[PDB]
Amino acid sequence: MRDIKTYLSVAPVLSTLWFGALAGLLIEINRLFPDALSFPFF
Amino acid sequence: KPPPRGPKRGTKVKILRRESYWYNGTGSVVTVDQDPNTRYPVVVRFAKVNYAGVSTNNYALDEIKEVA
Amino acid sequence: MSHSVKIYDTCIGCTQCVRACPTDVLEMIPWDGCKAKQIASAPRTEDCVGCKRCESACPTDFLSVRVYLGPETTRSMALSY
Amino acid sequence: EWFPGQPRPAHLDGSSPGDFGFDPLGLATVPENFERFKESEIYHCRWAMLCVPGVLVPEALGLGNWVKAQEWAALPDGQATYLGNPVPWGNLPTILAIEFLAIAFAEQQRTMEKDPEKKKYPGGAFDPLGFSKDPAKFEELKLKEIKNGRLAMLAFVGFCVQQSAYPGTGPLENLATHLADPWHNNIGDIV
Amino acid sequence: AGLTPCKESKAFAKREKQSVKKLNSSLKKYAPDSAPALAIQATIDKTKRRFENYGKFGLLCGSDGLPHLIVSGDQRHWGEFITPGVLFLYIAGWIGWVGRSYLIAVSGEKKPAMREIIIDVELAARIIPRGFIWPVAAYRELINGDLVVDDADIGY
Amino acid sequence: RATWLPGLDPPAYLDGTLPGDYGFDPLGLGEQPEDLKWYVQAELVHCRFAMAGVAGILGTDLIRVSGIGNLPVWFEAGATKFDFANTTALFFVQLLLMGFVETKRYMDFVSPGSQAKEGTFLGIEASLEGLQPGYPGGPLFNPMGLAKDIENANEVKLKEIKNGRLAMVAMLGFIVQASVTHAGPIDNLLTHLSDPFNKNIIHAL
Ligand code: CLA
Ligand SMILES: CC(/C=C/C=C(C)/C=C/[C@@]12O[C@]1(C)C[C@@H](O)CC2(C)C)=C\C=C\C=C(C)\C=C\C=C(C)\C=C\[C@@]12O[C@]1(C)C[C@@H](O)CC2(C)C
Ligand SMILES: CC1=C(/C=C/C(C)=C/C=C/C(C)=C\C=C\C=C(C)\C=C\C=C(C)\C=C\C2=C(C)CCCC2(C)C)C(C)(C)CCC1
Ligand code: SF4
Ligand code: SF4
Numbered sequence: 001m002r003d004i005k006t007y008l009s010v011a012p013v014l015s016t017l018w019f020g021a022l023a024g025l026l027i028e029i030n031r032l033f034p035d036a037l038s039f040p041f042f
Numbered sequence: 079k080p081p082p083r084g085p086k087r088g089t090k091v092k093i094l095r096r097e098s099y100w101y102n103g104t105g106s107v108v109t110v111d112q113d114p115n116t117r118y119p120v121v122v123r124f125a126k127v128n129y130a131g132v133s134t135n136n137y138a139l140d141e142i143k144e145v146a
Numbered sequence: 001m002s003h004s005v006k007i008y009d010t011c012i013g014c015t016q017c018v019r020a021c022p023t024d025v026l027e028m029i030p031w032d033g034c035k036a037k038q039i040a041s042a043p044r045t046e047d048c049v050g051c052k053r054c055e056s057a058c059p060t061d062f063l064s065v066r067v068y069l070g071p072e073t074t075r076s077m078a079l080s081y
Numbered sequence: 040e041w042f043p044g045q046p047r048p049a050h051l052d053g054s055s056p057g058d059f060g061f062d063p064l065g066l067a068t069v070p071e072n073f074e075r076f077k078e079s080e081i082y083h084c085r086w087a088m089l090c091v092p093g094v095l096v097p098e099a100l101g102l103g104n105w106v107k108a109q110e111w112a113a114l115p116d117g118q119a120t121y122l123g124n125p126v127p128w129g130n131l132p133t134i135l136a137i138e139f140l141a142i143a144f145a146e147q148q149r150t151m152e153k154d155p156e157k158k159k160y161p162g163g164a165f166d167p168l169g170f171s172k173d174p175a176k177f178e179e180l181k182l183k184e185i186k187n188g189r190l191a192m193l194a195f196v197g198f199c200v201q202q203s204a205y206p207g208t209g210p211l212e213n214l215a216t217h218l219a220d221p222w223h224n225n226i227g228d229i230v
Numbered sequence: 080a081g082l083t084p085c086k087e088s089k090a091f092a093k094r095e096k097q098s099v100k101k102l103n104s105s106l107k108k109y110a111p112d113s114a115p116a117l118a119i120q121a122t123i124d125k126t127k128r129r130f131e132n133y134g135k136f137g138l139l140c141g142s143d144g145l146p147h148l149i150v151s152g153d154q155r156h157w158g159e160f161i162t163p164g165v166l167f168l169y170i171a172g173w174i175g176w177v178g179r180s181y182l183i184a185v186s187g188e189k190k191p192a193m194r195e196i197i198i199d200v201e202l203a204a205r206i207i208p209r210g211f212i213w214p215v216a217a218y219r220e221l222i223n224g225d226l227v228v229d230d231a232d233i234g235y
Numbered sequence: 045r046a047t048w049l050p051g052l053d054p055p056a057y058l059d060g061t062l063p064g065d066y067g068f069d070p071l072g073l074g075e076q077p078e079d080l081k082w083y084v085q086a087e088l089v090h091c092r093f094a095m096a097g098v099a100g101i102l103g104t105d106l107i108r109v110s111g112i113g114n115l116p117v118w119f120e121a122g123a124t125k126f127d128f129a130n131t132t133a134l135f136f137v138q139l140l141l142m143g144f145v146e147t148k149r150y151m152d153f154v155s156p157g158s159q160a161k162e163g164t165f166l167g168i169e170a171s172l173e174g175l176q177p178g179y180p181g182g183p184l185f186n187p188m189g190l191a192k193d194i195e196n197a198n199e200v201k202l203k204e205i206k207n208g209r210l211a212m213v214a215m216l217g218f219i220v221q222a223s224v225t226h227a228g229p230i231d232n233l234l235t236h237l238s239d240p241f242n243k244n245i246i247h248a249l
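Chains as they are written, first to last, in the deposited numbering: chain J, 1 to 42; chain E, 79 to 146; chain C, 1 to 81; chain 1, 40 to 230; chain F, 80 to 235; chain 5, 45 to 249.
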């Protein structure tokens with residue numbers, strides 16, 4: 001069990017997990033606020 | 079009767095050789111040779127590695143500054 | 001003299017350069033300036049091809065055998081024809 | 040001290056008139072730089088104290104301000120007016136030549152003496168009464184001069200900046216402007 | 080600089096007209112209720128509300144009917160460059176400041192080599208929020224003089 | 045010790061002499077003395093401005109709505125005008141005296157007591173220090189000199205801390221509350237009190 005977690009902590013595996021989460025987040029935001037050329041809140 | 083010369087052991091030293099790979103760096107003294115004729119007595123071990131992979135070499139007394 | 005091979009006083013007498021000369025340039029002579037009590041020596045620089053492997057096996061601070069490439073002769077160019 | 044709570048920069052240990060611990064740029068590190076600065080300081084003080092009332096009092100009379108009193112030289116046929124009177128030598132090349140030779144020579148007479156103390160405090164023919172009699176009073180006499188002289192320089196800065204902010208104005212004209220409505224005429228309205 | 084507002088520029092309201100007509104051209108070939116007809120319609124509405132937002136948030140359009148950005152800092156236009164820009168700089172430090180903390184954190188170990196190819200996840204979890212306040216934390220380091228070193232560079 | 049997070053232990057440096065030491069500084073923002081020493085005043089000056097600040101926002105809108113008096117919204121107060129008040133000059137004026145009082149306080153922390161040995165008379169005694177950096181009570185700053193400087197400082201400052209800590213939060217409420225509701229703070233309270241389960245930030249969005 002410990003060895004599995006350690007392997008999951010090596011750099012490449014984190015990268016896909018981290019970037020994959022990042023890709024999902026940006027895609028969602030563009031799905032809800034599309035075209036987004038300016039920041040018209042303030 | 080004469081005491082050993084140079085640092086004793088473990089004492090961090092600041093390297094002063096200009097062409098070295100660890101100039102202005104710090105290593106650990108592992109042994110000093112007590113033969114007066116020996117031309118580079120202080121055997122310095124480091125933490126990094128030079129481009130050859132080596133991580134130790136001899137040094138001269140005046141190229142070693144004994145930080146504390 | 002075709003190429004110039006020079007050995008400094010840093011050398012620790014490890015006999016790693018001599019064993020790595022492919023054309024028998026360097027050789028070992030007695031000294032008194034090291035624990036090993038021997039320093040390398042280059043008395044046959046004519047046949048020195050210039051293959052820097054002689055000093056890719058000198059394990060010192062910078063280097064203790066150094067090779068400067070000068071003019072080229074028919075053996076320092078390793079011509080077989 | 041000027042800034043109660045900061046340590047004195049080591050090279051300002053009184054030992055001078057008008058010295059309150061103020062050298063943030065360390066301009067006076069070199070003693071030679073230190074002494075020459077005193078000269079320029081007292082001179083910049085000395086000239087300024089003369090110039091401020093000469094800028095104001097004419098405006099307090101019918102005469103034009105410190106800007107108008109230089110304007111005839113702009114036009115080629117300029118002739119001056121002192122107390123309104125057209126002085127004959129008021130043409131620009133005339134006064135300029137008179138100005139140049141007199142200013143340079145007397146100011147060169149300065150450049151050719153190195154006491155160096157007299158280069159700040161000559162006295163003598165410049166002290167026809169001899170206020171320097173009481174060294175205690177004379178030392179305080181420098182203080183009054185220094186602080187007043189520093190006061191003059193700022194007033195000079197106010198006069199000039201108010202001119203750039205308000206072209207073609209007078210300091211008393213500026214003063215009265217504020218004096219109408221101080222709360223709607225201020226340095227607030229520039230920016 | 081002569082850039083008329085997009086809500087006014089007839090060229091802007093021309094591009095909006097063509098791209099709608101171009102899509103409506105591709106639509107009068109499928110069934111009025113099949114899946115293609117809906118996806119086409121979805122993109123049509125997305126386009127019209129795209130153009131409206133560009134003619135609403137004060138984007139200035141040239142003679143190309145296209146928006147132009149004024150990055151000069153005229154604070155009538157702060158949400159074009161300056162506001163998104165500050166938003167980036169906040170994030171960029173957060174990435175920068177966190178990573179610095181970790182390398183320092185694992186620096187004092189037997190071999191920092193192993194703790195970087197095999198990242199310590201728990202330690203990187205108690206450090207991941209410290210990047211919320213990086214502007215405050217760093218600016219104190221700069222004043223205290225621990226953000227930089229002076230002449231001890233290689234080795235230690 | 046009754047920290048903020050029951051299970052969690054308090055950090056080692058928040059020993060507890062500072063009033064309101066509820067072992068709370070998760071991000072490692074106070075693990076250096078000179079850091080922590082300069083941070084305490086910030087909370088003290090912020091909270092005090094945030095104690096009066098909410099009341100000025102609060103009380104003014106309370107009296108206006110009920111009808112006793114009339115004043116603009118604190119949101120709308122910035123553009124107000126009666127006479128002889130160019131917002132230009134006021135900014136300069138307020139910057140001046142505040143600049144004067146803020147600095148002399150700054151010099152006190154930078155150099156304790158190096159603020160009440162000078163020439164200017166008649167006042168050179170009180171502005172020494174309260175003997176506690178963030179509490180400069182003197183016989184002018186505490187004209188009802190009503191402190192013993194040690195005992196209640198544990199038990200009364202702890203009131204002024206937990207008072208301020210609340211007040212700083214409250215002001216943050218109005219800024220966001222006015223940012224979304226477009227209305228007055230009590231208006232936000234009055235609206236929510238009307239139909240609480242329908243007047244909520246979920247509906248405000
Ligand atoms: C913690 C990460 C970190 C930090 C704080 C810095 C900081 C710096 N780098 Mg840099 N660098 C890094 C990682 C980092 N580097 C990595 C991984 C690479 C290899 C691609 C580089 C390659 C690089 C080059 C080539 C240059 C710098 C330069 C600089 C300096 C100017 C900033 C700049 O230009 O950014 C440069 C930014 C990049 C090149 C983008 C890549 C950085 C990645 C995206 C960040 C990685 C963060 C890390 C993986 C996250 C760890 C999280 C942890 C919890 C596990 C500054 C001292 C420049 C310099 O010398 O200026 C003085 C310069 O020329 N760096
Ligand atoms: C000063 C302040 C407000 C002052 C208000 C004033 C003067 C109001 C003035 C006015 O209304 C009047 C009077 C009249 C109006 O006509 C004019 C205006 C101007 C409108 C609020 C502070 C408000 C400040 C707040 C809310 C600060 C919150 C900070 C938090 C939560 C930080 C927490 C942490 O830092 C710790 C504690 C430990 C870390 O380890 C973890 C983290 C989380 C990082
Ligand atoms: C305003 C503006 C502008 C301009 C700008 C500019 C001009 C700027 C400059 C700038 C500059 C001139 C800068 C400089 C700098 C320097 C330095 C020196 C820096 C440094 C930094 C640092 C050092 C950092 C660090 C860090 C941190 C803190 C975070 C992350 C991590 C690290 C560690 C990296 C424009 C027009 C564009 C537009 C409008 C706006
Ligand atoms: S270059 Fe080659 S031939 Fe020459 S000394 Fe080195 S190893 Fe020998
Ligand atoms: S390799 Fe270097 S150290 Fe070794 S014997 Fe040769 S010259 Fe000497």
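The beta carbon of each residue, even a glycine, is placed where N, CA and C say it ideally should be.
Worksheet item: Does at least one heavy atom of ligand 5 sit under 8 Å from the Cβ of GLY13 (chain C)?
Response: yes
Item to complete: Over the uninterrupted beta strand (DSSP E) stretch that includes residue 102 (chain C), give me the two end residues.
Response: Within the shown structure, residues of chain C are numbered from 1 to 81, placing residue 102 (chain C) beyond reach of any answer.
Worksheet item: How about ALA184 (chain F): is its C-beta nearer than 9 Å to some C-beta of chain E?
Response: no
Worksheet entry | CB-CB length for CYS54 (chain C) against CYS21 (chain C), believed under 8 Å | 5 Å between Cβ atoms; contact.
Worksheet entry | Proximity below 9 Å, CB of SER142 (chain F) to CB of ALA80 (chain F) | no
Discussion item. Cβ closer than 8 Å: which chain C residues qualify as neighbours of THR116 (chain E)?
Written reply: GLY33, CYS34, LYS35
Worksheet item: Of all Cβ atoms in chain F, is any one closer than 9 Å to the Cβ of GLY131 (chain E)?
Response: no
Worksheet item: Does the pairing of the region 179-193 of chain 5 with the region 71-87 of chain 1 give three or more beta-carbon distances under 8 Å?
Response: no
Practice prompt. Over the uninterrupted alpha helix (DSSP H) stretch that includes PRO97 (chain 1), give me the two end residues.
Written response: Start and end: 70-99.
Worksheet item: Anyone know if the C-beta pair for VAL91 (chain E) and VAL127 (chain E) falls short of 9 Å?
Response: no
Worksheet item: Does DSSP put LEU64 (chain 1) in a helix, a strand or coil?
Response: DSSP places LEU64 (chain 1) in coil when its eight states are reduced to three.
Worksheet entry | Beta-carbon proximity list for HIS3 (chain C), same chain, < 7 Å, skipping 5 on both sides | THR45, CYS48, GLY50, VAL67, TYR68, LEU69, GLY70, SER76
Discussion item. Any heavy atom of ligand 7 inside 8 Å of the beta-carbon of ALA203 (chain F)?
Written reply: As presented, the structure is devoid of ligand 7, carrying ligand 1, ligand 2, ligand 3, ligand 4 and ligand 5 as its sole ligands.
Worksheet item: I think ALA86 (chain 5) touches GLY208 (chain 5), with their Cβ atoms under 8 Å apart; what is that distance to the nearest whole Å?
Response: The Cβ separation is near 11 Å, so there is no contact.
Worksheet item: If you measure from the CB of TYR181 (chain F), is any heavy atom of ligand 1 nearer than 8 Å?
Response: yes
Practice prompt. Report yes or no: is there a C-beta of chain 5 within less than 9 Å of the C-beta of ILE212 (chain F)?
Written response: At least one beta carbon of chain 5 lies nearer than 9 Å to the beta carbon of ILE212 (chain F).
Practice prompt. Anything in the region 137-149 of chain F with a Cβ closer than 7 Å to a Cβ of chain J? List those residues in chain order, please.
Written response: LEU138, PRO146
Worksheet item: Are the region 96-103 of chain E and the region 123-142 of chain E touching by the rule of at least three beta carbon pairs closer than 8 Å?
Response: yes
Discussion item. Give me the residue from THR60 (chain C), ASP61 (chain C), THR15 (chain C) with the minimum Cα distance to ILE39 (chain C).
Written reply: Closest by alpha carbon: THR15 (chain C).
Worksheet item: In terms of residue numbering, what span does the alpha helix (DSSP H) encompassing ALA216 (chain F) cover?
Response: 213-223
Worksheet item: Within the present structure, is the beta-carbon of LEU139 (chain E) separated from the nearest heavy atom of ligand 5 by less than 8 Å?
Response: no
Worksheet item: In three-state terms, what does DSSP make of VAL200 (chain 5)?
Response: In the structure shown, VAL200 (chain 5) sits in coil (DSSP, three-state: anything other than H, G, I, E or B).
Fill in: Extent of the continuous alpha helix (DSSP H) run through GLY228 (chain 5)
Neither: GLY228 (chain 5) is in no alpha helix (DSSP H) and is coded neither H nor E.
Worksheet entry | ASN135 (chain E) - partner residues in DSSP beta bridges | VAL122 (chain E)
Discussion item. Between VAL13 (chain J) and ligand 1, is there a pair consisting of the residue's CB and a ligand heavy atom that are separated by less than 8 Å?
Written reply: no
Item to complete: Find out if the Cβ-Cβ distance for the pair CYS34 (chain C), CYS17 (chain C) is shorter than 9 Å.
Response: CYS17 (chain C) sits away from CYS34 (chain C), with the two beta carbons spaced by 9 Å or more.
Fill in: Residue environment, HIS156 (chain F), which counts as buried when at least 16 other CB atoms sit within 10 Å
buried
Worksheet item: Given that a residue counts as buried once 16 or more other Cβ atoms are within 10 Å of its Cβ, and exposed if not, what is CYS91 (chain 5)?
Response: buried
Item to complete: Pull up the CB-CB distance for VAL108 (chain E) and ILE142 (chain E), whole angstroms please, since I reckon it's below 8 Å.
Response: Actually they are not in contact, since the Cβ atoms of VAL108 (chain E) and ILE142 (chain E) sit about 13 Å apart, beyond 8 Å.
Fill in: Backbone CA spacing between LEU25 (chain J) and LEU226 (chain F) [nearest angstrom]
Each residue's Cα considered, the two are about 33 Å apart.
Worksheet item: Does any heavy atom of ligand 1 sit closer than 8 Å to the C-beta of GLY178 (chain F)?
Response: Within 8 Å of the C-beta of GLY178 (chain F) there is at least one heavy atom belonging to ligand 1.
Fill in: Contacts that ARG209 (chain F) makes with chain 5 (C-beta to C-beta distance below 8 Å)
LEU71, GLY72
Worksheet item: Is it the case that the Cβ atoms of residue 43 (chain J) and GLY158 (chain F) are separated by a distance below 9 Å?
Response: Residue coverage of chain J in this structure runs from 1 to 42, which leaves residue 43 (chain J) outside it and unanswerable.
Discussion item. Tell me which residues share the same chain as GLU98 (chain 1) and place their Cβ nearer than 8 Å to its Cβ, disregarding the 5 neighbours each side in the sequence.
Written reply: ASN104, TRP105, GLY209, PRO210, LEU211, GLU212
Discussion item. Quick check: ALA203 (chain F) and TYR181 (chain F), are their CB atoms within less than 9 Å of each other?
Written reply: Less than 9 Å separates the beta-carbon of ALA203 (chain F) from that of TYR181 (chain F).
Worksheet item: What are the boundary residues of the alpha helix (DSSP H) that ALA136 (chain 1) is part of?
Response: 131-150
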